[PDB]
Amino acid sequence: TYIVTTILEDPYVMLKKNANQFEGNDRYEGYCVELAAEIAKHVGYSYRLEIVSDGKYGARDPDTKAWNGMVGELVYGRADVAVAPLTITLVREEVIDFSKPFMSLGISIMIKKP
Amino acid sequence: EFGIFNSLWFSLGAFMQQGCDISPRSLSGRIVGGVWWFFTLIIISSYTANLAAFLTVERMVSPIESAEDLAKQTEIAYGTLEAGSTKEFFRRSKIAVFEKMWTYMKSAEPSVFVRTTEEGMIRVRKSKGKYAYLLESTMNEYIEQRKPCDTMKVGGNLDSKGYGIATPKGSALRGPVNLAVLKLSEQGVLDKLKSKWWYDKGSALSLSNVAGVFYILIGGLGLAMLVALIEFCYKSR
Amino acid sequence: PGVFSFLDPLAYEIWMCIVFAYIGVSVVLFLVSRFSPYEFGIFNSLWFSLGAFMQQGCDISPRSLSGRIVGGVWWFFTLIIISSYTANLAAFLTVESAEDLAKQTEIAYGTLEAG
Amino acid sequence: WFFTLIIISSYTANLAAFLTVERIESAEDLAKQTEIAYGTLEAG
Amino acid sequence: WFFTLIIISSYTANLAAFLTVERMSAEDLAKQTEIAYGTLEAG
Amino acid sequence: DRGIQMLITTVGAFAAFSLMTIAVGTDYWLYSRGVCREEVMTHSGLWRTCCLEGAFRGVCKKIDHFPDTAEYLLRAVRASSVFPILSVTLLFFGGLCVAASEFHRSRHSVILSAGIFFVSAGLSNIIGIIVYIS
């Protein structure tokens, strides 16, 4: 059973309404939950969706040179896959492997519509 | 003719520039009318001129459409999520605008950055137009599609990128995961999941500007009718 | 351009209510002036109200307390409305995208066939 | 009277627009406008 | 009357422009000469 | 021309009351795009907004006036529609005095009170319009 690190983010991964009635990977819903299910089906492996503890996506602290968040969980061996909305970046590609992108996007500005 | 009643009537008429039945004749009286006329001219001109400035700068305000041009250019305190690809993108940028934005964001106090996307969303919603959570277009679109829909995406995308399924370097899952993603993409699964989780979620002055002066006029008309009836009873008794 | 663009500074609703207020003021000023102890006929009231609203004055003015209240408020309403028209017109005489065209669907968009 | 009120308000409104609007600094100022033509010396 | 009409309109128009306008670096210090700038001596 | 003058008053007083009481009852005050239950062309009134086309055409609901005492008082006045109702009530009393003028010619105040009621009804009609537009 592989540990697939993830992060809480609407609508990629979310705690189901009344998650207390459920336990484990079945406690969550969202785009990335179904994507992890379909990838597991195609690759043929069992997995447990572990939410990242730091609650951070991933970055190398320039002082300590330590990776934190999901990227840190992947590099240090605590996790075997990450199925979160994790952006493909050059710094991350140097330390972890990425598949072909499964969604496009860009940085955008959000302003109170009022 | 210049009793207490007509003096009040003449003064009110002069201030509204509507003329009057009589005009002062004595030198002492004409001096009072002279300064009152000059006082009225300066005040009314000031009211019209200030209203014009009030309704011009109200126009000619301009929204933003990527105000990043001058970045915040104001107290829209733009921030990012801490330890995210957007923060790293801004840190390592060499584009003039993005370097300016980063130099501002790193030094600005209090920290413009946030700890979670929900935190930035609430910061923009509770800053009443004082915060801007530079975030990823997919999350921005999803949020703008949901109540309380008081937030909106401004301008285009600053760059183009994509999410990937990550694995530890030297992992044996790298190849199968890549092939799985290609299979899922070619079979429309990713398209259906996106559509399911994103789309299926789903000038002239107005009467309101000058409504107060209409209530005063009708209220004044009603009071005058009540006053007229009172004099009718008082005179007839 | 526009033939009747001189009415643009104030909305169409404001112009309609100014006419209604002018009719109401003339009727009330005629009413309080007639049944009072101390030449405001119905026609004279309409002439006075039209002159008062347009800042041109009249040869005859109210003389009673109830009549002067009607003239006073009508003068004040006139000053705010006339100043509002001039100020808003000055703002008008002082002072848009492909995304806009992509978001809407009222303007039809097409492509080349077999392209 | 109505022709008088509209025209005089037009005179004051347009004169205010005349006096306000009327009132370089950089590289963009030249690149950005097109009313002023800017040239250089040839073979320089 | 004509002199009065033009002058009163000019006063209102110029005041509107006056109120509207106010409602709306190291290189900068080097280019100008109205402000004098100095340093500490022997520093 | 007193006989014709009283004929104009009797015809007008009924005409004014009929026209205003129809407007309050009818729901064709505004032609705005809303939703009766997809945004579609709708016709609204003082109490109900009803769709002009679409599948739900012909079936409609009551206007929800309620979702800073300035907006509370204006919405409470607009929700209750007391000013348009007051104009109809004033017109009804004004019409009664005109009819009773012939039946009681001893007192002259019967026809003057009728003239006061119609003027008061017209003033209340102006306020109701401004509140509705605001």
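Here chain C follows Swiss-Prot, giving residues 526-563, 584-640, 648-667 in order.
Per the header: electron microscopy, 3.5 Å.
Even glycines carry a Cβ here, placed using N, Cα and C.
These come from Swiss-Prot:
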type	residues	note
INTRAMEM	C:585-600	intramembrane segment
LIPID	C:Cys603	S-palmitoyl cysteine
TOPO_DOM	C:604-609	topological domain 'Cytoplasmic'
TRANSMEM	C:537-557	transmembrane segment
TRANSMEM	C:610-630	transmembrane segment
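Outside the topological domain 'Cytoplasmic' (C:604-609), and at least 6 residues removed from its termini, the chain residues within Cβ reach (under 8 Å) are 554, 557-558, 561-563, 584-585, 589, 593, 615-616. Proximity of distant same-chain residues to the transmembrane segment (C:610-630), defined by a Cβ-Cβ separation under 8 Å and at least 6 residues beyond the stretch ends, is recorded for 534-535, 539, 543, 546, 550, 553-554, 557-558, 561, 585, 593-594, 597-600. A sphere of 10 angstroms centred on the C-beta of the residue listed as 'S-palmitoyl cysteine' encloses 15 other C-beta atoms.
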